[PDB]
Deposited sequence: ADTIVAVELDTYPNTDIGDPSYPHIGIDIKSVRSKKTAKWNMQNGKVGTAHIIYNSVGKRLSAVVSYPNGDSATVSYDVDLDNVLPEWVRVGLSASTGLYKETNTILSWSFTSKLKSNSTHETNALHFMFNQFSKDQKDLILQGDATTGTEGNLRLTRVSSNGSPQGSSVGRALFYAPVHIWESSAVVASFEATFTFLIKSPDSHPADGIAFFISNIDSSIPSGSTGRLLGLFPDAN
């Protein structure tokens, strides 16, 4: 029943549900079957940066993911989010493991939404997460720690990631993501992540998403559904 717009960093090819035959970044409009994808070389144990950009003028949801060595993947998709999202939303991060696993560690997260009419703005930045993060809604296995990081999916004491895990972090305050009379409705999101795995293959990935205010983890949305969708339709 949730409405989802997401950028997925998808570490695991699930070819039978329309994934390409490689790790990819994807734009997901109300379906895990990405509307557009690009090949992504996920660098095990390295800190990546994801950037997400939209404005209501160009009506183009863009994402780019890069690592320090400079290797980057970009994906863009033409979509009017006025026709997709509710006016009011929550913004969040989601990650899953299944049969295979990885750390889904968030080191930092920033977001900006603006409505310019004829301005209303929300901006937050986390470069360190604290134990009792009162402006975050933690769902499922997602924890904030003393190490200053957001662990979306459960990690063992020994620092090793665990399978069949799902967790999300949503910003506490609802966001006014569009308003019919806004001349420009724009949002930007950036997060840094550390995906590390000793597994034969890492899985399943990390998503930035926008949803209805009351959005919660769909039941059985572990693994390939990235904690966003109740099925693969």
Chain regions without C-alpha coordinates, deposited sequence numbering: 119-122
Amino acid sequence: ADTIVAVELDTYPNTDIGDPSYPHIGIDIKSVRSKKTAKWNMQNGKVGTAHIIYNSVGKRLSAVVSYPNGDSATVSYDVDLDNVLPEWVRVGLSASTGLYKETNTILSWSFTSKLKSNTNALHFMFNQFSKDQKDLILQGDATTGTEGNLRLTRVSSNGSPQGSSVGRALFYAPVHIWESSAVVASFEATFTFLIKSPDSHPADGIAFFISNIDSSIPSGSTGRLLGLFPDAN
From here on, numbers count along this sequence of modelled residues.
Of 102-110 and 154-162, the stretch whose C-alpha atoms average the higher B-factor in the entry: 154-162
Stretch exceeding the other in mean C-alpha B-factor - 145-153, 119-127: 145-153
Member of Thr49, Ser200, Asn55, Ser62 with the greatest C-alpha B factor (per the PDB record): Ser200
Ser72 - Cα temperature factor, lowest/middle/highest third of chain: highest
Ranked against its chain, the third holding the CA B-factor of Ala232: highest
Position of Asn41 among the chain's modelled residues by C-alpha B-factor, lowest, middle or highest third: highest
Third assignment of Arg33 from its chain's C-alpha B-factors: highest
Position of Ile210 among the chain's modelled residues by C-alpha B-factor, lowest, middle or highest third: lowest
